[PDB]
């Protein structure tokens, strides 16, 4: 691969339930939240200098990878389970250790990463909306607010965590 530099990183966990803060408390206004039920949590990090075709490859790969356990114990995709999807921006996955600190030099800048993040979210939403099984079961796609603290509670039957690099 000649040292071809990575383009993104995604971490995938299975959940029974997730609750994610989408706005922090602000004075008299309480923090605001989104939840999902049984489903897939995708944590995403984008790197500088990636191909124009990265996002549809990521959507296709991640929604179709067979990581969700059926009632028989067989592994299917989130689209086939079917289940919810929660997307969490997680640029820290790009951090590389230097002494006792992390460096994030390969990470997309705030504007680039924000844009890629909104786009990724929207493509996932559409892909789920194109999927018959998902639509008919009423599954939902939820997502974290870019730039915020990802206050997350997660309930699992084994997160079954995988990492996929683009």
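Positions refer to the first chain, counted from 1.
Checklist entry - Got a sec? Mean C-alpha B-factor, which is higher, 20-28 or 7-15? => result Between 7-15 and 20-28, it is 20-28.
Checklist entry - Given the B-factors recorded for C-alpha atoms, which segment has the greater mean, 67-75 or 88-96? => result If you average the C-alpha B-factors of 88-96 and of 67-75, the larger mean comes out for 67-75.
Next on the checklist: Among 122, 103, 130, 60, where is the Cα B factor highest in this entry?
Outcome noted: Of the candidates given, the C-alpha B-factor peaks at 103.
Checklist entry - Once the chain's modelled residues are ordered by C-alpha B factor and cut into thirds, is residue 45 in the lowest, middle or highest one? => result As the PDB entry reports it, the C-alpha B-factor of residue 45 lands in the middle third of its chain.
Checklist entry - Sorting the chain's CA B-factors, does residue 147 end up in the lowest, middle or highest third? => result Highest third.
Next on the checklist: By the recorded C-alpha temperature factor, relative to the other modelled residues in its chain, which third is residue 39 in?
Outcome noted: Residue 39: CA B-factor falls in the lowest third of its chain.
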